[PDB]
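S.K.: Structure below; questions to follow.
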Amino acid sequence: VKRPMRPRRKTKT
Amino acid sequence: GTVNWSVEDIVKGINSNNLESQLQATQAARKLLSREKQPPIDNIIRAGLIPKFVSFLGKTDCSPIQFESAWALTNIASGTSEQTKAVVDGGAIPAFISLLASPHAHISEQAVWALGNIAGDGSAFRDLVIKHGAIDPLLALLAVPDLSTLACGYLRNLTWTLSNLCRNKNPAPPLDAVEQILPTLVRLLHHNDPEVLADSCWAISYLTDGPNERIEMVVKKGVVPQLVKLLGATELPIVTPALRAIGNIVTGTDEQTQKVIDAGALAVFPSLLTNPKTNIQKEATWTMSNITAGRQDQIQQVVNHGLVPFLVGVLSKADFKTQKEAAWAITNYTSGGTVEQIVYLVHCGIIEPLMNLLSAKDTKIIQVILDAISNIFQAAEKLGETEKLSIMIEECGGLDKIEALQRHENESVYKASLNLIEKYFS
């Protein structure tokens with residue numbers, strides 16, 4: 001069988 | 001002018017009944033919140049200014065105060081989950097969606113950025129931005145014949161925000177929202193900008209991290225060839241999400257895996273399995289382990305491309321986490337391969353580095369290796385050459401390890417180790 005196993009926020013300056 | 005104001009002065013100006021005094025104070029608040037060293041986000045929130053900023057978003061006759069407040073709210077929403085929540089609780093979401101259709105491009109771009117920070121908090125806010133109806137106006141900003149006529153930074157923010165709408169699990173984004181976004185997302189995946197490409201691959205990366213129904217939705221749009229092209233890119237920020245999406249796709253059905261093979265993906269793996277970045281090497285090995293778990297004609301395609309020696313090499317020397325993924329690739333290879341394919345694995349030199357890793361201080365890799373040895377011996381029986389293989393394991397010092405693994409804590413390790421020395425005595 002198979003085995004199942006990029007910034008969320010940006011500030012402007 | 002508006003540099004280095006106190007919070008008390010900012011409050012005094014915003015609470016005045018003068019729109020231009022309020023504009024001056026909001027700019028001073030934006031400059032405080034855009035400093036590198038500890039922006040006083042919590043202080044601004046406690047002063048009660050978020051509701052005032054939200055109302056300023058709607059003053060169409062004074063676009064400078066729309067922009068300054070959107071910038072200030074963008075940076076508050078970039079902090080902790082409690083700080084993003086304060087922005088949402090103030091009513092910001094519908095106000096930012098209205099600003100998306102502003103005739104001023106710098107204000108519309110700022111609304112895209114703010115909605116990206118809100119949706120990036122997690123599944124709940126992501127779905128709440130979608131329910132407020134953000135997708136239609138977002139995609140309308142990209143409905144041009146050629147994306148190159150848009151400003152570079154405007155296009156990068158739109159791709160990033162969209163990727164945050166594809167992100168996070170438990171739950172995944174709504175199916176209808178994904179189907180509505182994908183055509184634009186695929187167009188962005190063919191654009192020439194490096195940052196647009198990286199964030200588009202991350203979006204495809206997110207959409208393929210789930211059940212086979214999600215994988216098929218992506219594969220149906222025919223993005224697999226373009227993913228393979230980006231898989232061989234020079235830029236590291238593009239290769240990393242490209243490989244993640246390929247590895248996600250090969251967790252699905254054998255037919256979906258075969259589309260990756262047909263696009264020529266295996267030709268890129270000589271480099272990926274020797275990449276100087278530890279993370280690229282591990283993810284490539286993990287992907288190989290899911291490919292050797294497929295059909296025999298797929299294992300054969302792994303053989304034809306010459307990747308078995310590269311698995312021998314990674315097993316010989318790599319970071320220990322990459323080595324374990326290679327041990328999995330071998331056991332999947334041996335359990336589903338033919339006899340001719342299992343002996344070819346021995347002719348390449350798998351036995352010595354496989355034995356040398358039995359000295360590892362990990363129980364799971366021990367079990368995986370031993371089960372692989374069993375499958376290899378079973379194929380030696382079918383040919384009647386078990387004597388040769390047992391001699392081979394002894395000469396390199398593998399028997400000393402197998403027999404030492406008898407006196408092991410884990411019961412399963414002991415039983416398999418004993419069963420091996422009883423059947424073949426090496």
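Just so we're on the same page: first chain in the structure tokens is A, next is B, and so on; residues restart at 1 for each chain, and ligands are numbered from 1 in the order they show up.
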Counting only C-alpha atoms, which residues from chain B have an atom at most 8 Å from any atom of chain A, and could you show them as JSON, numbers by chain?
M.R.: {"B": [34, 35, 36, 71, 74, 75, 78, 79, 116, 117, 120, 121, 164, 199, 202, 248, 251, 252, 290, 293]}
S.K.: Need to verify the contact set: stretch 185-191 of chain B, 12 Å, only C-alpha atoms, exclusion of same-chain residues closer than 2 positions in sequence. Can you return it as an MDAnalysis selection string?
M.R.: chainID B and resid 138:139 142:150 152 155:156 158:163 165:166 177:183 193:205 207 218:230 238 241:242
S.K.: For atom CA of residue B:285 and atom CA of residue B:326, quote the distance in Å rounded to one decimal.
M.R.: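 So the two atoms, atom CA of residue B:285 and atom CA of residue B:326, lie 5.9 Å apart.
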S.K.: Go ahead and compute the interatomic distance for atom CA of residue B:365 and atom CA of residue B:390, in Å to one decimal.
M.R.: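 Value for the atom CA of residue B:365-atom CA of residue B:390 distance: 21.0 Å.
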S.K.: Identify which of the residues B:274, B:279, B:363, B:170 lies closest to residue B:309, counting only C-alpha atoms when measuring atom-to-atom distances.
M.R.: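 The answer is B:274, which sits nearest to residue B:309.
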S.K.: Assign secondary structure with DSSP using the backbone only, and return the residues of stretch 182-394 of chain B in alpha helix (DSSP H) as a ChimeraX atom specification.
M.R.: /B:182-189,194-207,212-219,224-231,236-249,254-262,269-272,278-291,296-304,307-316,320-336,339-347,351-356,363-383,386-394
S.K.: Find the distance between atom CA of residue B:76 and atom CA of residue B:14 and write it in Å to one decimal.
M.R.: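 It comes out at 17.3 Å.
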S.K.: Tell me which protein, DNA and RNA residues are within 9 Å of residue B:50, counting only C-alpha atoms, leaving out same-chain ones fewer than 5 positions away, and put them as an MDAnalysis selection string.
M.R.: chainID B and resid 44:45 55 73 86:87 90 92
S.K.: With only C-alpha atoms as the counted atoms, please give the residues lying no more than 10 Å from residue B:89, apart from itself and same-chain residues fewer than 5 positions off, as a count of residues only.
M.R.: 4
S.K.: Find the residues around stretch 383-388 of chain B up to 10 Å (only C-alpha atoms counted), leave out those fewer than 3 positions away in its own chain, and share them as a VMD selection string.
M.R.: chain B and resid 339 343 376 to 380 391 to 393 424 to 426
S.K.: Can I get the selection written as a JSON list (two decimals), in the first residue's frame, with N, CA and C atoms?
M.R.:
```
[["chain", "number", "residue", "atom", "x", "y", "z"],
["B", 339, "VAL", "N", 10.72, -12.08, -9.92],
["B", 339, "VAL", "CA", 11.98, -12.69, -9.51],
["B", 339, "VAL", "C", 13.15, -12.00, -10.20],
["B", 343, "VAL", "N", 16.38, -10.08, -8.18],
["B", 343, "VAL", "CA", 17.79, -10.45, -8.30],
["B", 343, "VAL", "C", 18.60, -9.29, -8.87],
["B", 376, "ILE", "N", 13.59, -11.08, -0.39],
["B", 376, "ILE", "CA", 14.72, -11.37, -1.26],
["B", 376, "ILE", "C", 15.07, -12.86, -1.19],
["B", 377, "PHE", "N", 15.10, -13.41, 0.03],
["B", 377, "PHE", "CA", 15.39, -14.83, 0.19],
["B", 377, "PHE", "C", 14.33, -15.70, -0.47],
["B", 378, "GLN", "N", 13.06, -15.28, -0.39],
["B", 378, "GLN", "CA", 11.98, -16.04, -1.02],
["B", 378, "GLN", "C", 12.20, -16.16, -2.52],
["B", 379, "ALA", "N", 12.74, -15.11, -3.15],
["B", 379, "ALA", "CA", 13.04, -15.17, -4.57],
["B", 379, "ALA", "C", 14.28, -16.01, -4.85],
["B", 380, "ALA", "N", 15.21, -16.09, -3.89],
["B", 380, "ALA", "CA", 16.36, -16.96, -4.05],
["B", 380, "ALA", "C", 15.95, -18.43, -3.98],
["B", 391, "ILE", "N", 25.66, -16.85, 1.94],
["B", 391, "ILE", "CA", 27.10, -16.60, 1.96],
["B", 391, "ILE", "C", 27.37, -15.11, 1.79],
["B", 392, "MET", "N", 26.62, -14.46, 0.89],
["B", 392, "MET", "CA", 26.83, -13.04, 0.64],
["B", 392, "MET", "C", 26.55, -12.21, 1.89],
["B", 393, "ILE", "N", 25.49, -12.55, 2.63],
["B", 393, "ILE", "CA", 25.15, -11.81, 3.83],
["B", 393, "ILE", "C", 26.18, -12.04, 4.93],
["B", 424, "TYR", "N", 17.43, -20.15, 6.84],
["B", 424, "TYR", "CA", 18.60, -20.11, 5.97],
["B", 424, "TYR", "C", 19.93, -20.10, 6.71],
["B", 425, "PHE", "N", 19.92, -19.94, 8.04],
["B", 425, "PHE", "CA", 21.11, -19.95, 8.88],
["B", 425, "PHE", "C", 22.06, -18.79, 8.57],
["B", 426, "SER", "N", 21.59, -17.79, 7.84],
["B", 426, "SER", "CA", 22.34, -16.56, 7.61],
["B", 426, "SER", "C", 21.47, -15.50, 6.96]]
```
